[PDB]
Amino acid sequence: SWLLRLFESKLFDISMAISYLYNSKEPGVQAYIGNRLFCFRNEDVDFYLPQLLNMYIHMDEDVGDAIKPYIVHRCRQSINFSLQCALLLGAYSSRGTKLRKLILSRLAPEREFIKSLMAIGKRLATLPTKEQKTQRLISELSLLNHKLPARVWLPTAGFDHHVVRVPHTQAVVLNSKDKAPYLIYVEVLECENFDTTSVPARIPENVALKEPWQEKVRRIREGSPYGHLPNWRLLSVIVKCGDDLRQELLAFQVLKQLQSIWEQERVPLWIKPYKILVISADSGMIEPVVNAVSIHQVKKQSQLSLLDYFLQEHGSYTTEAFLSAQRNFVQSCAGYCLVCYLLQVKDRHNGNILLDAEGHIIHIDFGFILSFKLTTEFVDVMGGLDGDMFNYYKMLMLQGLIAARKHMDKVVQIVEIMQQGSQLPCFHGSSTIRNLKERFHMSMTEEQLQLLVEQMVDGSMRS
Amino acid sequence: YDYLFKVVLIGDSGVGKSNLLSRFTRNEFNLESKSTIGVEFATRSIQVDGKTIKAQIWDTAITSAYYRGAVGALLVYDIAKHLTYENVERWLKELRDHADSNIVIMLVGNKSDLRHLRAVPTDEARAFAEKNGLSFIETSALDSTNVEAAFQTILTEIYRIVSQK
Ligand SMILES: CC[C@H](CO)NS(=O)(=O)c1cc(-c2c(C)nc3c(NCCNC(C)=O)cc(Cl)nn23)ccc1OC
Ligand SMILES: Nc1nc2c(ncn2[C@@H]2O[C@H](COP(=O)(O)OP(=O)(O)OP(O)(O)=S)[C@@H](O)[C@H]2O)c(=O)[nH]1
């Protein structure tokens, strides 16, 4: 009854459930939890879908039969859920297959919609320059409006909706690589429920420049057939036709949890997880952060040092706009340094860090993790090594570390389960989780942590 | 004091024979499960029509063969695992052969609490249930549902054997 005692308390959450599910070999417990999933809010359980489906694939049949019923139930009341399952089921197996076909079994429109989009990306491969790729993209995207009214949606959107229009003239390709990813803007009409509504009616078709996000919506709205409607909103996704996003997804969950941990405790670090979508385990989509551009390009257009740009874009240090931006900088630095450390990110450079209009930084590329540098340019923005704001940066890191230790298992859980039958490059070591746990230094005293943080920063400065 | 009833619990492994007994005999339950190795009894006395009886329940390495002189049998299956229901036919064939040819039998669907994971409908079971000379309650050992009722059905069922001159 001691187990059952716990499970019937308020203490029981989806986190706990999966942990016992992953470890417990008692089928009586497994089945009990399988059933208890239904009582939880749809929203809480969703976050763990990548874990659940991985278990289904790679674990004993016993575990699967306990899991399957809940999945099917969700699938029947949400095609979005159905979609994401099918995509995930496939990517993580190269047991799974039997269930995927049953789920794909109506939903036909969406799978072609996605396939077309990648097929586009693969096509840009024969065109060797960035600019050339972009021209073909816009043209070929224009062909999508012909089926544009559609009855399809972006799973990456916070909500249910129909895609109505692609402002093809506004789309752009992001690099010159052979299988370069490309960013597109998409118009949608919000729904209350996708599964229960009409597809909207077509509204017939009748410039592109560098601009902030809210100004870009205005311009597009005024130009859009559907723009007058209150139902109308603009979304955006980046398309990766030949790159795996499974490592990327793993990082996202970790970022989201750390974000919540620091939220529950009262540590004012700042970070920005960006939604990830996995299509094939070769291909994916990303929901982009708006109002941000790489440090490197920021340095090529300005010809300035980072601090000077801050001063240019916000004001003299006697202004609110600057001091606020500075605060936002420092808080975002500590957050991402800890994330880089905890996940042991590597290959950190100004191509992988974005700057938003309020001053936060945002690391964006999470290849090369598991199995961050402080350049003097960064330290300058903080007011220098002796600065109070720089000291505060160190203070936040400690605070955020003390908070993180208090919730270590929530984090490791997310990661430890994904190693399960995994052929990802980040899991090469037997160690890998074991080393990860050591990096929380759970044994250490706070005095020890104060010292370790100082040392970390000094190391981070050598370059 | 007045009568001694030999009852067996039989069924596939995992169906909940041992937890029914722990609920029914000691009002204790556990999710953690030590397999029953061979045989258990536990005992509890009840009163029917103002008469003191005593039920001796035996839980159950195939050869238990403990049936003999076994007047009643609770045959249990897990409602959430269809296969456990499938072997009920094979559990009634081996019944007759190594066990009394006129024993009182009640069929039991256990783990009724797993509403959303339910894999065996009450009607299909109860259909087979009334099609043949078996009893048919559904229980949950975990949330102490129908557990007393199940026993007291078979015991009352059992009692009505008086067959006097
Ligand atoms: C795009 C994927 C390609 C490979 O397939 N690699 S990538 O381009 O380097 C890259 C960019 C981003 C990203 C995000 C979440 N948000 C913006 C973003 N936001 C700005 C967009 N909007 C405005 C108004 O500036 C801009 C850019 Cl360049 N990237 N980005 C995320 C991951 C990522 O993969 C490492
Ligand atoms: N939700 C729910 N789970 C149950 C119930 N009864 C048993 N379980 C689970 O079934 C399993 C039964 O294990 P056990 O204690 O050995 O009983 P058994 O059915 O007799 O197993 P055996 O025949 O191999 S001895 C346990 O994990 C137990 O938690 C029930 O009534 N409701």
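Residues numbered from 1 in each chain as written, not as in the entry; some residues may be left out. Chains lettered and ligands numbered in written order. Heavy atoms only, no water. Residues with missing side-chain atoms left out of burial classes, pairs and counts.

(A) Looking closely at the site of ligand 2. Residue and element names in this part refer to chain B. Near ligand 2, the surroundings consist of 21 residues, among which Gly16, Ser18, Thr36, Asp113 and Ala141 are the closest. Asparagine 30 is positioned such that a nitrogen or oxygen atom in its backbone is 3.4 Å from an oxygen atom of ligand 2. Considering ligand 2 on its own, with 660 Å² of exposed area, one finds that the protein chains cover 92% of that surface. Here the element with the most residues in the shell around ligand 2 is helix 1 (residues 17-26); it accounts for three residues. (Near = heavy atom within 4 Å. Polar contact = N/O pair within 3.5 Å; in protein donor to acceptor, adjacent residues only side chain to side chain. Areas by Shrake-Rupley, 256 points an atom, 1.4 Å probe, with all protein chains shown as cover. Helix = DSSP H or I, 4+ residues; strand = E, 2+ residues; numbered from the N terminus.)

(B) Spotlight on the nonpolar core. Residues and elements named next belong to chain A. In this structure, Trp262, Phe329, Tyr393 and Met397 are the most contacted members of the largest nonpolar core, which totals 153 residues. For this core, the element with the highest residue contribution is helix 15 (residues 320-342), accounting for 13 residues. Structurally, this core is a two-domain feature, drawing no fewer than three residues from each of domain 1 (1-105) and domain 2 (106-463). Core analysis: the next-biggest nonpolar cluster, separate from the first, contains 36 residues, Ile120, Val166, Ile184 and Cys241 among them. (Core = buried A, V, L, I, M, F, W, Y, C linked by side-chain atoms within 4.5 Å. Buried < 20%, exposed > 50% of the residue type's maximum accessible area, 1.4 Å probe, protein only. Domains from an automatic or database assignment.)

(C) Main features of the interface of chain B and chain A. On the side of chain A, 15 residues touch chain B, which itself brings twelve residues to the contact. Residue classes in the side of chain B that touches chain A are distributed as five nonpolar, three polar and four charged. (Contact = heavy atoms within 4.5 Å. Nonpolar A, V, L, I, M, F, W, Y, C, P; charged D, E, K, R; others polar.)

(D) Highlighting the site of ligand 1. Residues and elements named next belong to chain A. Neighbouring ligand 1 are 15 residues, the closest being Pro181, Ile238, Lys240, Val289 and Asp365. Separating an oxygen atom of ligand 1 from a side-chain N or O atom of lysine 240 is a distance of 2.7 Å. One nitrogen or oxygen atom from the main chain of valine 289 is found 2.4 Å from a nitrogen atom belonging to ligand 1. Look at ligand 1: alone it shows 710 Å² of surface, and the protein chains cover 81% of it. When the residues that make up the shell around ligand 1 are grouped by side-chain class, the tally is ten nonpolar, one polar and four charged.

(E) Seen up close, the packing of helix 17 (residues 388-405) of chain A against helix 20 (residues 446-461) of chain A. Residues and elements named next belong to chain A. Where helix 17 contacts helix 20, the two axes come as close as 10 Å, and the packing angle between them is 125 degrees. Classed by the angle they form, the pair helix 17 and helix 20 counts as oblique. Of the two possible hands of crossing, helix 17 and helix 20 adopt the one that is right-handed. Within the contact between the two elements, helix 17 uses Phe390, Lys394, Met397, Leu398, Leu401, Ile402 and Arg405 and helix 20 uses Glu446, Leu449, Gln450, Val453, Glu454, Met456, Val457 and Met461. (Axes fitted to C-alpha atoms, helices over the stretch in contact; angles between N-to-C directions. Parallel < 35°, antiparallel > 145°, perpendicular 65-115°, else oblique. Left-handed = near helix turned anticlockwise from the far one by under 90°.)

(F) Inspection of the sheet that holds strand 9 (residues 361-363) of chain A at higher detail. Residue and element names in this part refer to chain A. Spatially, three strands are ordered 7-8-9 in an open sheet, and the strand pairing comes out antiparallel. At either margin of the open sheet sits one strand with a lone partner, and together these are strand 7 (292-294) and strand 9. Recorded for the sheet is a direction-independent mean angle of 30 degrees between the axes of neighbouring strands. Helix 13 (residues 295-302) contacts strand 7 and strand 8 (353-356) of the sheet and is inclined by roughly 85 degrees relative to strand 7. (Pairing = 2+ DSSP bridges.)

(G) Representation of the domain arrangement of chain A. Residues and elements named next belong to chain A. Taken as a whole, chain A is organised into domain 1 (1-105) and domain 2 (106-463). Between the C-alpha centres of domain 1 and domain 2 there is a distance of 28 Å. Contact with domain 1, which involves 28 residues of that partner, is made by 27 residues of domain 2. For the pair domain 1 and domain 2, the summed buried surface comes to about 2600 Å²; carbon and sulfur atoms form 59% of the total. The interface formed by domain 1 and domain 2 holds one salt bridge in total. Put simply, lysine 410 and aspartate 13 hold a salt bridge, and the shortest N to O gap is 3.7 Å. (Buried area = accessible area lost by both parts, 1.4 Å probe. Salt bridge = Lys/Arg side-chain N within 4 Å of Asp/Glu carboxyl O.)

(H) Summary view of the packing of helix 3 (residues 27-36) of chain A against helix 6 (residues 61-77) of chain A. Residue and element names in this part refer to chain A. Across the interface, helix 3 lies against helix 6 with an axial gap of 8 Å and an inter-helix angle of 20 degrees. Relative to helix 6, the element helix 3 lies roughly parallel. For the element pair helix 3 and helix 6, the recorded crossing hand is right-handed. Here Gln30, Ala31 and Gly34 of helix 3 lie close against helix 6, whose contacting residues are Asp62, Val63 and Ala66. In terms of residue class, the contact of helix 3 with helix 6 is built from three nonpolar, two polar and one charged.

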